[PDB]
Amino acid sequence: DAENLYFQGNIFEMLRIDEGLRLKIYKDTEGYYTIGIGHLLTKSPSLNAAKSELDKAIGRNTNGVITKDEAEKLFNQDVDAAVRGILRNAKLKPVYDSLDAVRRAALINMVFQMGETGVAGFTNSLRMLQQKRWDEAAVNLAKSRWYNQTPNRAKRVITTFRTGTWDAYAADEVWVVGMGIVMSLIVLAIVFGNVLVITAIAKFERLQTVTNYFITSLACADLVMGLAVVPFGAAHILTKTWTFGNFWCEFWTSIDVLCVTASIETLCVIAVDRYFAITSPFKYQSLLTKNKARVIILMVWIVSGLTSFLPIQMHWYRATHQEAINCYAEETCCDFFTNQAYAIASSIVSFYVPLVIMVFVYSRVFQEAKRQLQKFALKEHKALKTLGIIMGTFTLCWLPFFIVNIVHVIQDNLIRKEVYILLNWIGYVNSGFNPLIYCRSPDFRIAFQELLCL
């Protein structure tokens, strides 16, 4: 023994990958009511008959939602019952003994999914596993109803039978560290880029313009993202729990919506800022004093503070369904749950109103370029590429999420929790992309050359 590295070999972690943990009742690949980790509730297609078995099997009014603790005890019970069924069965007991440790897990995996009676129906394939003809059972098993309905899970178990090693599952652990190091690169980039931008404008006078004051506020929201929002989210995803208590969960949630609102609402202010600085340059310097700009900065952060901390820290943002109420009470749960009122209103204030303003002025910036005092030249495709990046980056980063942010409260269980988080992270990396977009000026280019080399 003495094995406490990552990914020990066991049926527990093998099934945890094929089934996945779900606290609310869901329909499996076939359409059967399932909860927890691959726990078949009932074959009756009425959701109320599923809750009845669940409430009896938990000994509580679950409302169709269990806790992470209860799921782990149904998982072991279902696992500990699959093995009992293997030993009580005449076709399974000899094959189970004849099997080695890793291939025993493959047999338990099938019994976990189809019961003692069902797995004992593979008379020929069990006869092949009896005589240790692995490659021949791998071919035979791949011709069955079981392989047709869940080919991915079958191919993994069939491979576990064939090779006798965890190769079909051990590859899952490379994707954990690969995600982890990518998260680190993201945190480093965001903190590196934006601390450089804030420093360049704070120490240099050639960069203390009005447009750069908005750049400074954008870099401030993006800095807090890499320092506060992203690291805690990385620790959340990797540890698979939340270890900082219930108050800091919402505070982290509050600082998230604070920065993402301030970040996008500042990109909106910059888009309009440059529209005036380009189309009406002389009034743009008469009207927009450095104080008027600072007041516009405060409006973004007051609007953002009101759309993030006020609702959240007052529990207005909260949902009401069962999985939500459990997560608000579970100290180790910090999953995101809202109501329709908040999930909609925030997307308008955070993304959609800024998006529309931005699509308007940038397109108008170019429509007004045509009606000037003047030939298919080359500086117009250069400028058309530039704003394409300004608009293509911001869109591909946040538009997928805020669409999904609206859908996941319109028709529930249409957007997988997994995807809602990925598209949210695809939005977080916009805070790293921003210094590479709005700081390409010769003044900035020099500031960044002197701040690093000299």
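Residues carry their position along the shown sequence, with the first being 1.
The entry models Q374 and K375 with a gap of 1 to 3 deposited residues left without coordinates.
Here 248 to 256 and 163 to 171 are compared by their mean Cα B-factor, and 163 to 171 comes out higher. For the two regions 265 to 273 and 142 to 150, the entry's Cα B-factors average higher over 142 to 150. In the deposited coordinates, the residue among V359, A341, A221, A202 with the greatest CA B-factor is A202. Residue-level inspection of the entry shows that, of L378, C334, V303, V111, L378 has the top Cα B-factor.
Among the modelled residues of its chain, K370 has a C-alpha B-factor that falls in the highest third according to the deposited record. When the modelled residues of the chain are ordered by their C-alpha B factor, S52 lands in the highest third.
When all modelled residues of the chain are sorted by CA temperature factor, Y438 is found within the middle third.
Ranked by Cα temperature factor within the chain, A106 sits in the lowest third according to the deposited record. The deposited CA B-factor of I312 belongs to the lowest third of values across its chain.
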